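**Q** Just the first chains of my complex for now:
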Amino acid sequence: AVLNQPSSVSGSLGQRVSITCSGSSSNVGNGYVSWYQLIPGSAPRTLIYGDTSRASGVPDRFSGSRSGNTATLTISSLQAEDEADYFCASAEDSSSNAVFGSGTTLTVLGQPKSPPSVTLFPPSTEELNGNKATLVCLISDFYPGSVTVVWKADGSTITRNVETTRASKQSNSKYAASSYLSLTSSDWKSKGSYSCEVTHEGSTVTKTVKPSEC
C-alpha cells in the first residue's frame, strides 16, 4: 500500500499551491496525516502533524486540510526557497508502522532571467604530470536552468569524450552546471585552442584556453 501524490506542482512567486495525498480507510482515513519537506542538501523538516497542526517552526503560509480519504497541503505566498520535495505520511494497522506518499516536487516560477557565468580551467600541472588532461567548464548563476554545451577545437565541434552534469540550484536560487573534457596530455598539446560554448535562452557565452599560452 502506498499513498498517491501528484508527481509535481508549480506556481508563480507569491501565490498558492496545493498537493493532495489520496489513501484509504486503513491509513489516511483512520486518522490524521503528516507532512515533511525535503530540500536537497538539507535535512527533512516536518511541516504538519495531525490534520492541520502547523509545524513547530513553519510560518502561516503553510496550511493543512483533509476531507475523507485524501489530505491536502497548502503553501501560500510562494517563495523561491520553497522549491523542494514534499512527502505525506500516516500509519496503517500499527502505530509504529508508517507509510509514505509517492512524493511531489514543487517549483516556483517567475524568477528574473539571468545569464550564465562561464569559467574554463586548463589542466593542472600535477594532472599533466601523469598523462591525462581534463578541461573543466563551470557554468553558474543562470535562470532558467537549462543550458546546452558544445566543445570546439580549432574551429571544429568535439564529439568524443564530453560529459555534462544536469543543472542544480545554488544557495542564491540560481542554477549551475559543469562540463568535462577528458583527454591525454599529448592531445592537450596537440591542438591550438579549446573552447567551451554554453547556450542559454538563445544566447551563447564562449571561453577559450590556448595550450601554448597557459
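**A** Perfect, I can see it now. Residues are numbered from 1 along each chain as shown, chains lettered A, B, ... in the order given.

**Q** Quickly list what the residue most central in space within chain A is bridged to.
**A** The centre of chain A sits closest to residue A:168, judged by Cα atoms, centre = their mean, with a distance of 4.3 Å. Beta-bridge partners for residue A:168, by DSSP bridges, are residue A:176.

**Q** residues contacting it?
**A** Contacts for residue A:168 (Cβ atoms under 8 Å, 6 or more residues apart in numbering) come out as A:40, A:145, A:175-177. Quick note: C-beta positions are derived from backbone N, CA and C, even for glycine.

**Q** gap between the two ends of stretch A:21-34?
**A** 10 Å (Cα to Cα, to the nearest Å).

**Q** shouldn't residue A:134 be in contact with residue A:122?
**A** No: taking contacts as Cβ atoms under 8 Å, residue A:134 lies outside contact range of residue A:122: 9.4 Å.

**Q** So what touches stretch A:178-188?
**A** So stretch A:178-188 is contacted by A:123, A:128, A:130-139, A:149, A:151, A:158, A:161-165, A:194, A:196, A:198, A:211 (Cβ under 8 Å, 6+ apart).

**Q** What count of nearby residues applies to residue A:47?
**A** 21 (other Cβ atoms under 10 Å).

**Q** buried set for the strand or helix carrying residue A:180?
**A** Residue A:180 belongs to strand A:175-184 when elements are defined using DSSP states H and E. For strand A:175-184, the neighbour count (16 or more other Cβ atoms under 10 Å) marks A:175-179, A:181, A:183 as buried.

**Q** and chain A, what are its domains?
**A** By the assignment in curated CATH domains, chain A contains the domains A:1-110, A:111-211.

**Q** Could you tell me how far the first one lies from the centre of the chain?
**A** The one in question is domain A:1-110. Distance of domain A:1-110 from its chain centroid, counting by Cα atoms, centre = their mean, to the nearest Å, is 19 Å.

**Q** What is the end-to-end distance of it?
**A** Start-to-end, domain A:1-110 (Cα to Cα) is 37 Å.

**Q** list the buried ones in stretch A:85-98?
**A** Of the residues in stretch A:85-98, those buried (16+ other Cβ under 10 Å) are A:85-92.

**Q** Against residue A:201, how distant is the residue nearest to the centre of chain A?
**A** Applying Cβ to Cβ, to the nearest Å, the value for residue A:168 to residue A:201 is 18 Å.

**Q** need the helices for chain A, in chain order.
**A** All helices of chain A, identified by DSSP state H, fall at A:185-188.

**Q** buried stuff in stretch A:139-158?
**A** A:139-140, A:142-143, A:145, A:147, A:149-153, A:158.

**Q** Sitting in strands, which of these do you find?
**A** Counting by DSSP state E, the buried residues of stretch A:139-158 place A:139-140, A:142, A:149-153, A:158 in strands.

**Q** Any chance of CSV for those residues, columns distance to residue A:189?
**A** Below are those laid out as CSV (distance: Cβ to Cβ, whole Å):
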residue, distance to residue A:189
A:139, 26
A:140, 29
A:142, 32
A:149, 23
A:150, 22
A:151, 17
A:152, 17
A:153, 12
A:158, 16
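
**Q** and of the residues you listed, the nearest to residue A:23?
**A** residue A:142 (39.8 Å; Cβ to Cβ).

**Q** thought that closest one was touching residue A:205?
**A** No: between residue A:142 and residue A:205 there is no contact under Cβ under 8 Å: 9.3 Å.

**Q** what sits in contact with each of the two?
**A** Contacts common to residue A:142 and residue A:205, judged by Cβ under 8 Å, 6+ apart, are A:115-117.

**Q** Put this one in as chain B:
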Amino acid sequence: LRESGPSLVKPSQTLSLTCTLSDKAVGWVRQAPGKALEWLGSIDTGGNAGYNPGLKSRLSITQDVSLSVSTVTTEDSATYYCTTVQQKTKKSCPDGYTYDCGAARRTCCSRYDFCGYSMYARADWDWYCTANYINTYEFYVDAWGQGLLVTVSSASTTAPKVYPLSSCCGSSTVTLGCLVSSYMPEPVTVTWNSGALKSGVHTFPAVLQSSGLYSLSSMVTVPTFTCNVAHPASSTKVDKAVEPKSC
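**A** Adding chain B to what we have so far:
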C-alpha cells in the same frame, strides 16, 4: 541529530549505523536514490521497537540508537536517516456505545445503567454493551537528521586525486577551483579554508565517466586559498592549496 557508520558495504553483508539524550523516541527512515521515503523501525523510551512488516526479518535496532540490516543487496543502497519519532496508540469505545465504562469493568455500554456490570452479568447486557475497542493510530516525526548515504556495491573504495584549478594568465574577479577526480563511491565534502570562506562557493554535482569513477569540482570566487576535500569511504582528508599562476 547525527548518524554515523560505514558508507560502503559489499552485497550480502550486514549494514550497521548509529545515531547520536534518552528522553525521546528515535526512528530510522531510509530513501533510495530518487525513490520515496521508506519506513524501517522505531524505538520508544521503554525499549519497545516497531518495524516495517515487510522489512522486519532482515532488520534490528539495539543500543544503549544503532540499526542493522541483514543480507544487504543493491536495492539497499539508500540515504539512511535518524529521526525523532512521536508514536501514539489510542483505544476508544466503538462509537454507538456512547458511555465508556471504567477500567475495572473494561467495557463500553450504550446505556450508563449497565456500566456496573461485568461481562454478561445481565441477560440484556449483550444488546447495549461490548468489550471490544476501536484502535486508532497517530504518528509523525518530531525531528530529523541530515542523513548518511550508504552504498552497496562489489566495487572497491577508490580515493580521489585532487587537483587545483587556476586560470591561464591571459582579472577583475578571481575564480579558483578544486578538481576532485576519480573516486568511488559517493559522497565527498568540500570546504574552503576549513569553512572560514562561505561566500561565493559552489560545489557542483558529480559526473561519471565510462570508467565508472566519479569526478566533481568546487569553485570559489574572490576579489592564500586551500580547499578541503574529504571522502568517508576511503578515510581520506586532503587539504590542497590553490596557488595562482605567476606568469
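
**Q** same question on the contacts of stretch A:178-188, but with chain B included?
**A** A:123, A:128, A:130-139, A:149, A:151, A:158, A:161-165, A:194, A:196, A:198, A:211, B:204-205, B:207, B:209, B:215-217 (Cβ atoms under 8 Å, 6 or more residues apart in numbering or on different chains).

**Q** Only whichever of those residues are buried, select them in ChimeraX.
**A** Selection of buried members from these for ChimeraX, criterion 16 or more other Cβ atoms under 10 Å in any protein chain shown:
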select /A:123,128,132,133,134,135,136,137,138,139,149,151,158,161,162,164,165,194,196,198,211 /B:204,205,207,215,216,217
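
**Q** Which residue does chain B have closest to chain A?
**A** residue B:50 (2.0 Å; Cβ to the nearest Cβ).

**Q** right, and that residue touches residue B:61 too?
**A** No: counting by Cβ under 8 Å, residue B:50 sits too far from residue B:61 to count as a contact (9.7 Å).

**Q** who's more crowded, those two?
**A** residue B:50 (24 against 19; other Cβ atoms under 10 Å in any protein chain shown).

**Q** mind checking how far the residue of chain A found nearest chain B is from residue B:88?
**A** With Cβ to the nearest Cβ, the shortest gap between chain A and chain B falls at residue A:96, namely 2.0 Å. In this view, residue A:96 and residue B:88 are 10 Å apart by Cβ to Cβ.

**Q** residues shared between the contacts of these two?
**A** Joint contacts of residue A:96 and residue B:88 (Cβ under 8 Å, 6+ apart) are residue B:139.

**Q** residues in contact with the residue nearest the centre of chain B?
**A** Centroid-nearest residue in chain B: residue B:81, 0.7 Å away (criterion: Cα atoms, centre = their mean). Neighbouring residues of residue B:81 by Cβ under 8 Å, 6+ apart: A:43-44, B:3, B:28-31, B:144-145, B:147.

**Q** Please report how far the residue in chain B sticking out farthest from the centre lies from residue A:99.
**A** Of all residues in chain B, residue B:123 has its C-alpha farthest from the mean position, at 56.1 Å, by Cα atoms, centre = their mean. With the distance defined as Cβ to Cβ, residue B:123 ends up 45 Å from residue A:99.

**Q** Next: residue B:154.
**A** 32 Å.

**Q** what does residue B:167 give?
**A** 52 Å.

**Q** quick one, what contacts residue A:211?
**A** A:122, A:188-189, A:191-192, A:194.

**Q** now do residue B:221
**A** Contacts of residue B:221 by Cβ under 8 Å, 6+ apart are B:173-175, B:200-201.

**Q** related to what we said a few turns ago, generate the PyMOL command that creates a selection of the buried members of the contacts of residue A:211.
**A** Buried residues among those (16+ other Cβ under 10 Å), as a PyMOL selection:
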select buried, chain A and resi 122+188+194
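
**Q** Out of the contacts of residue A:211, name the two that are farthest from one another.
**A** The most distant members of those, if one measures by Cβ to Cβ, are A:122 and A:192, lying 13.5 Å apart.

**Q** on that earlier part again, give me the common contacts of residue B:50 and residue B:61.
**A** With Cβ under 8 Å, 6+ apart as the test, residue B:50 and residue B:61 both reach residue B:41.

**Q** re earlier: then the strand holding residue A:180 to PDB, C-alphas only?
**A** C-alpha atoms of strand A:175-184 as PDB (Å, rounded to 0.1, in the frame of the first residue of the first chain):
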ATOM      1  CA  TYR A 175      21.300  27.400 -11.400                       C
ATOM      2  CA  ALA A 176      24.700  26.000 -12.100                       C
ATOM      3  CA  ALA A 177      26.200  23.200 -14.100                       C
ATOM      4  CA  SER A 178      29.600  21.800 -15.200                       C
ATOM      5  CA  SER A 179      31.000  20.100 -18.300                       C
ATOM      6  CA  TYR A 180      34.200  18.000 -18.600                       C
ATOM      7  CA  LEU A 181      36.500  17.300 -21.500                       C
ATOM      8  CA  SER A 182      38.800  14.300 -20.700                       C
ATOM      9  CA  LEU A 183      41.900  14.000 -22.900                       C
ATOM     10  CA  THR A 184      45.500  12.800 -22.600                       C
END
